[PDB]
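Asks: Data: structure-v9.cif, mmCIF, C-alpha atoms.
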```cif
data_work
#
loop_
_atom_site.label_atom_id
_atom_site.label_comp_id
_atom_site.auth_asym_id
_atom_site.auth_seq_id
_atom_site.Cartn_x
_atom_site.Cartn_y
_atom_site.Cartn_z
CA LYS A 5 122.50 132.60 47.17
CA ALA A 6 123.68 129.31 48.86
CA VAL A 7 121.62 128.34 52.05
CA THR A 8 119.40 131.53 51.84
CA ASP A 9 118.27 130.84 48.19
CA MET A 10 117.72 127.11 49.11
CA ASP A 11 114.06 126.48 50.21
CA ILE A 12 112.69 123.04 51.41
CA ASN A 13 110.89 122.49 48.01
CA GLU A 14 114.17 123.43 46.18
CA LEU A 15 116.42 121.33 48.56
CA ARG A 16 114.27 118.13 48.08
CA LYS A 17 114.07 118.74 44.25
CA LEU A 18 117.83 119.69 43.93
CA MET A 19 118.96 116.32 45.45
CA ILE A 20 117.11 112.92 45.77
CA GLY A 21 120.21 110.58 45.83
CA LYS A 22 121.62 112.09 49.10
CA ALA A 23 122.14 109.78 52.15
CA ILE A 24 121.95 110.68 55.91
CA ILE A 25 122.48 108.38 59.00
CA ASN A 26 120.91 109.25 62.43
CA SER A 27 121.58 106.20 64.76
CA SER A 28 123.95 103.21 64.11
CA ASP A 29 124.03 100.52 66.89
CA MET A 30 125.23 97.92 64.26
CA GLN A 31 128.99 97.34 63.47
CA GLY A 32 130.82 99.58 60.91
CA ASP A 33 131.32 96.88 58.18
CA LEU A 34 127.72 95.41 58.26
CA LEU A 35 126.18 98.94 57.68
CA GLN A 36 128.15 99.36 54.37
CA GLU A 37 126.50 96.08 53.12
CA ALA A 38 122.87 96.98 54.15
CA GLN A 39 122.99 100.74 53.15
CA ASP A 40 123.86 99.82 49.49
CA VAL A 41 121.04 97.14 49.33
CA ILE A 42 118.18 99.32 50.80
CA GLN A 43 119.03 102.42 48.61
CA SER A 44 119.21 100.29 45.37
CA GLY A 45 116.16 98.28 46.64
CA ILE A 46 113.72 101.23 47.26
CA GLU A 47 114.65 103.16 44.02
CA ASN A 48 113.95 99.95 41.93
CA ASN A 49 110.39 99.40 43.37
CA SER A 50 109.73 103.17 43.92
CA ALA A 51 107.63 102.70 40.70
CA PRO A 52 105.48 105.63 39.38
CA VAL A 53 104.25 106.30 43.01
CA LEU A 54 106.19 105.00 46.09
CA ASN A 55 104.64 101.62 47.16
CA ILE A 56 105.76 101.48 50.87
CA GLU A 57 104.58 97.79 51.04
CA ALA A 58 106.57 96.95 47.82
CA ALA A 59 109.78 98.61 49.22
CA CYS A 60 109.63 96.49 52.44
CA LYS A 61 108.75 93.21 50.58
CA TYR A 62 112.15 93.53 48.75
CA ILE A 63 114.18 94.67 51.85
CA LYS A 64 112.66 91.90 54.09
CA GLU A 65 113.55 89.00 51.66
CA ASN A 66 117.05 90.45 50.78
CA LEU A 67 118.05 90.83 54.50
CA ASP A 68 116.67 87.29 55.35
CA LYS A 69 118.98 85.61 52.73
CA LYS A 70 121.98 87.99 53.37
CA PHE A 71 122.30 87.57 57.21
CA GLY A 72 119.68 85.85 59.48
CA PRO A 73 116.17 84.29 59.30
CA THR A 74 114.09 86.71 61.53
CA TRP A 75 115.07 90.20 60.16
CA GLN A 76 112.34 92.95 60.53
CA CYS A 77 112.44 96.27 58.49
CA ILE A 78 109.83 99.14 58.54
CA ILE A 79 109.85 102.49 56.56
CA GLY A 80 107.52 105.54 56.89
CA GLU A 81 106.96 109.33 56.66
CA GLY A 82 106.75 109.66 60.50
CA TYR A 83 106.23 107.31 63.52
CA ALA A 84 107.18 106.46 67.15
CA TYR A 85 108.52 102.99 68.21
CA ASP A 86 110.17 101.08 71.08
CA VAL A 87 111.73 97.80 69.75
CA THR A 88 113.73 95.17 71.79
CA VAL A 89 116.69 94.01 69.57
CA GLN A 90 119.87 91.83 69.95
CA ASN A 91 123.30 93.60 70.34
CA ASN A 92 124.76 95.10 67.07
CA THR A 93 121.66 94.10 64.97
CA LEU A 94 120.00 97.57 64.34
CA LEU A 95 120.47 100.45 61.80
CA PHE A 96 118.22 103.61 61.64
CA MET A 97 118.91 105.71 58.46
CA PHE A 98 116.28 108.05 56.82
CA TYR A 99 116.37 108.76 53.02
CA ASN A 100 116.07 112.41 51.71
CA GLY A 101 112.77 114.34 52.22
CA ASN A 102 109.97 112.36 53.97
CA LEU A 103 111.27 108.72 54.26
CA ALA A 104 112.34 107.15 57.64
CA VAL A 105 113.95 103.63 57.36
CA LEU A 106 114.30 101.47 60.55
CA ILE A 107 115.95 98.00 59.95
CA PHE A 108 116.81 95.49 62.77
CA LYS A 109 117.38 91.72 63.46
CA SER A 110 115.13 90.18 66.22
CA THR B 161 152.56 16.69 81.30
CA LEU B 162 150.84 17.21 77.84
CA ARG B 163 150.28 21.01 78.45
CA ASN B 164 153.76 22.58 77.97
CA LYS B 165 155.25 26.14 77.70
CA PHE B 166 155.94 25.47 73.94
CA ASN B 167 152.51 23.77 73.41
CA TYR B 168 150.20 26.38 75.18
CA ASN B 169 151.66 29.96 75.43
CA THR B 170 149.45 32.39 77.56
CA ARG B 171 149.23 35.97 76.14
CA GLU B 172 147.57 39.04 77.81
CA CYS B 173 145.72 41.61 75.60
CA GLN B 174 143.68 44.77 76.43
CA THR B 175 142.35 47.64 74.24
CA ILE B 176 143.21 51.36 74.84
CA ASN B 177 140.14 52.91 76.62
CA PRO B 178 139.86 56.73 77.07
CA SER B 179 139.16 57.84 80.71
CA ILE B 180 135.51 59.09 81.16
CA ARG B 181 135.11 62.83 82.06
CA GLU B 182 131.99 64.93 83.03
CA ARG B 183 131.85 68.62 81.85
CA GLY B 184 129.30 71.51 81.87
CA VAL B 185 128.57 73.98 79.01
CA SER B 186 125.96 76.82 79.42
CA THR B 187 125.20 78.83 76.18
CA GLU B 188 123.37 82.19 76.78
CA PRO B 189 122.52 84.32 73.67
CA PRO B 190 123.59 87.99 73.23
CA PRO B 191 121.79 90.49 75.55
CA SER B 192 118.71 92.13 73.82
CA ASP B 193 118.31 95.91 74.59
CA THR B 194 115.03 97.91 74.13
CA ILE B 195 115.46 101.01 71.85
CA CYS B 196 112.81 103.81 71.45
CA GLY B 197 113.09 106.16 68.40
CA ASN B 198 110.61 108.80 67.11
CA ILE B 199 110.89 110.34 63.60
CA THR B 200 109.06 113.54 62.49
CA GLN B 201 109.39 115.44 59.16
CA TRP B 202 111.39 118.29 60.89
CA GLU B 203 113.92 115.99 62.72
CA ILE B 204 114.69 114.24 59.34
CA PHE B 205 115.11 117.65 57.57
CA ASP B 206 117.04 119.16 60.59
CA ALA B 207 119.76 116.45 60.18
CA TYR B 208 119.43 116.67 56.32
CA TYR B 209 119.83 120.54 56.54
#
```
Represent the structure contained in this file as C-alpha cells.
Replies:
Amino acid sequence: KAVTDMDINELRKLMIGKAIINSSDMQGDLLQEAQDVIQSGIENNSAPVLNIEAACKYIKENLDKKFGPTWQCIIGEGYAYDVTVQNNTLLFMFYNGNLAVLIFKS
Amino acid sequence: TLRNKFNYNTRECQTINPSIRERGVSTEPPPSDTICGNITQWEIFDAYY
C-alpha cells in the first residue's frame, strides 16, 4: 500500500486539484494573486475536453486588467522555450498530470 | 515748485521671482533577463511524485 500501490494512472485519477510550483522568479505576494486566478480560470473553461486556446484567452485578458498591458501566458503538455522577461515578472507552475503553465510580463 | 513730496510720492514695487535652475533626470527601465525552461511529462511527474 501507499507509494507502491499508487501507479501513474491511479495518482492522476486520485487527485486533480493538487498544485505544484517549479520556478518562481516573481515576488511572494504577486504569485498568491495569479495562482488562484489561473487554477479557477482553467477549470471553468476546461469544458468537456480541455480547450488549450480557451484556457489562455481567459488567463491573457484577466492578467492584462489585473497588472500590466503586455502580459503573455502559454500552457502545454510539453515544450522548450527561452523568453527575455523584466525582473520579478515571471511564474512557471505546472498543474497535475500533463499541463505545463508558463506566465510572464514582457 | 508744483511737484511736492505730499503731491507726488514715489513708490518702488517688484514681484517675487523664483531663481532658475537646470537639472538632469535619466529614467532606465528594470533589467530584462533571458530565461530558458524545458518541460517534459516525466519532469512534471518527478516533481509531482
Asks: Counting all atoms listed in the file, which residue out of A:58, A:32, A:23, A:52 sits closest to residue 103 in chain A?
Replies: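 Of all the options, A:23 lies closest to residue 103 in chain A.
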Asks: Please enumerate the residues selected by the PyMOL selection byres ((chain B) within 10 of (chain A)) when evaluated against the supplied file, formatted as a tab-separated table (two decimals) with C-alpha atoms, in the frame of the given file.
Replies:
```tsv
chain	number	residue	atom	x	y	z
B	189	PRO	CA	122.52	84.32	73.67
B	190	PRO	CA	123.59	87.99	73.23
B	191	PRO	CA	121.79	90.49	75.55
B	192	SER	CA	118.71	92.13	73.82
B	193	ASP	CA	118.31	95.91	74.59
B	194	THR	CA	115.03	97.91	74.13
B	195	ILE	CA	115.46	101.01	71.85
B	196	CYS	CA	112.81	103.81	71.45
B	197	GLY	CA	113.09	106.16	68.40
B	198	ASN	CA	110.61	108.80	67.11
B	199	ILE	CA	110.89	110.34	63.60
B	200	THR	CA	109.06	113.54	62.49
B	201	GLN	CA	109.39	115.44	59.16
B	202	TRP	CA	111.39	118.29	60.89
B	203	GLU	CA	113.92	115.99	62.72
B	204	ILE	CA	114.69	114.24	59.34
B	205	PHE	CA	115.11	117.65	57.57
B	207	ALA	CA	119.76	116.45	60.18
B	208	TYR	CA	119.43	116.67	56.32
B	209	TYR	CA	119.83	120.54	56.54
```
Asks: So how far away is CA of residue 35 in chain A from CA of residue 69 in chain A, in Å?
Replies: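 Separating CA of residue 69 in chain A from CA of residue 35 in chain A is a distance of 15.9 Å.
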Asks: With distances taken over all atoms listed in the file, which of A:67, A:13, A:60, A:51 is nearest to residue 38 in chain A?
Replies: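 Ranking A:67, A:13, A:60, A:51 by distance to residue 38 in chain A, first place goes to A:67.
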Asks: Just to confirm, what's the straight-line distance from CA of residue 20 in chain A to CA of residue 50 in chain A in Å (one decimal)?
Replies: 12.4 Å
Asks: Would you compute the distance between CA of residue 40 in chain A and CA of residue 56 in chain A? Give it in Å to one decimal.
Replies: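 Between CA of residue 40 in chain A and CA of residue 56 in chain A the gap works out to 18.2 Å.
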Asks: Since I can't run it myself right now, could you work out what the PyMOL selection byres ((chain A and resi 66) around 12) selects here and report it as a PyMOL selection string?
Replies: chain A and resi 37-38+40-42+44-46+59-65+67-77+107
Asks: Output range 44-77 of chain A with N, CA and C atoms present, as a short mmCIF file (atom, residue, chain, number, x, y, z; two decimals), in the frame of the given file.
Replies:
```
data_model
loop_
_atom_site.label_atom_id
_atom_site.label_comp_id
_atom_site.auth_asym_id
_atom_site.auth_seq_id
_atom_site.Cartn_x
_atom_site.Cartn_y
_atom_site.Cartn_z
N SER A 44 119.43 100.96 46.68
CA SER A 44 119.21 100.29 45.37
C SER A 44 117.85 99.59 45.35
N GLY A 45 117.43 99.03 46.49
CA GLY A 45 116.16 98.28 46.64
C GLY A 45 114.94 99.17 46.48
N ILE A 46 114.89 100.29 47.21
CA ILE A 46 113.72 101.23 47.26
C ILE A 46 113.55 101.90 45.89
N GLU A 47 114.64 102.41 45.31
CA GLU A 47 114.65 103.16 44.02
C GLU A 47 114.11 102.27 42.89
N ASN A 48 114.45 100.97 42.89
CA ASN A 48 113.95 99.95 41.93
C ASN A 48 112.42 99.93 41.98
N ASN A 49 111.85 99.57 43.14
CA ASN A 49 110.39 99.40 43.37
C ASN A 49 109.79 100.67 43.99
N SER A 50 110.37 101.85 43.70
CA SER A 50 109.73 103.17 43.92
C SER A 50 108.56 103.32 42.95
N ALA A 51 108.70 102.80 41.72
CA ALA A 51 107.63 102.70 40.70
C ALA A 51 107.19 104.11 40.29
N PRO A 52 106.03 104.29 39.60
CA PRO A 52 105.48 105.63 39.38
C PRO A 52 105.23 106.40 40.68
N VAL A 53 104.53 105.77 41.63
CA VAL A 53 104.25 106.30 43.01
C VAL A 53 104.80 105.29 44.03
N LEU A 54 105.38 105.79 45.13
CA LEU A 54 106.19 105.00 46.09
C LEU A 54 105.29 104.03 46.88
N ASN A 55 105.29 102.76 46.47
CA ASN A 55 104.64 101.62 47.16
C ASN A 55 105.48 101.23 48.38
N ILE A 56 105.05 101.67 49.57
CA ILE A 56 105.76 101.48 50.87
C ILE A 56 105.73 100.00 51.26
N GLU A 57 104.67 99.27 50.91
CA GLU A 57 104.58 97.79 51.04
C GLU A 57 105.65 97.14 50.15
N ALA A 58 105.69 97.52 48.87
CA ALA A 58 106.57 96.95 47.82
C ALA A 58 108.04 97.09 48.23
N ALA A 59 108.43 98.29 48.69
CA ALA A 59 109.78 98.61 49.22
C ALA A 59 110.19 97.57 50.26
N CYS A 60 109.32 97.31 51.24
CA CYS A 60 109.63 96.49 52.44
C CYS A 60 109.33 95.00 52.21
N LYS A 61 108.76 94.62 51.05
CA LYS A 61 108.75 93.21 50.58
C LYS A 61 110.16 92.83 50.13
N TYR A 62 110.80 93.70 49.34
CA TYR A 62 112.15 93.53 48.75
C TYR A 62 113.22 93.51 49.85
N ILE A 63 113.16 94.47 50.78
CA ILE A 63 114.18 94.67 51.85
C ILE A 63 114.12 93.50 52.83
N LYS A 64 112.91 93.06 53.19
CA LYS A 64 112.66 91.90 54.09
C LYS A 64 113.37 90.65 53.55
N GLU A 65 113.05 90.25 52.31
CA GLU A 65 113.55 89.00 51.66
C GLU A 65 115.07 89.08 51.48
N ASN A 66 115.59 90.21 51.00
CA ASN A 66 117.05 90.45 50.78
C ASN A 66 117.81 90.22 52.09
N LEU A 67 117.35 90.83 53.19
CA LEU A 67 118.05 90.83 54.50
C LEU A 67 117.81 89.52 55.26
N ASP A 68 116.87 88.67 54.81
CA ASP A 68 116.67 87.29 55.35
C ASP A 68 117.76 86.37 54.80
N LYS A 69 117.98 86.42 53.48
CA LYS A 69 118.98 85.61 52.73
C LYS A 69 120.40 86.05 53.08
N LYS A 70 120.63 87.36 53.23
CA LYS A 70 121.98 87.99 53.37
C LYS A 70 122.60 87.64 54.72
N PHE A 71 121.82 87.71 55.81
CA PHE A 71 122.30 87.57 57.21
C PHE A 71 121.53 86.45 57.92
N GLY A 72 120.38 86.75 58.54
CA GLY A 72 119.68 85.85 59.48
C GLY A 72 118.21 85.68 59.13
N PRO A 73 117.52 84.66 59.72
CA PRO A 73 116.17 84.29 59.30
C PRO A 73 115.06 85.27 59.71
N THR A 74 115.13 85.83 60.93
CA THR A 74 114.09 86.71 61.53
C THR A 74 114.62 88.16 61.56
N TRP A 75 114.66 88.79 60.38
CA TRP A 75 115.07 90.20 60.16
C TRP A 75 113.82 91.05 59.84
N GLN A 76 113.56 92.10 60.62
CA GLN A 76 112.34 92.95 60.53
C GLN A 76 112.73 94.39 60.16
N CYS A 77 112.13 94.94 59.09
CA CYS A 77 112.44 96.27 58.49
C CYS A 77 111.15 97.02 58.18
#
```
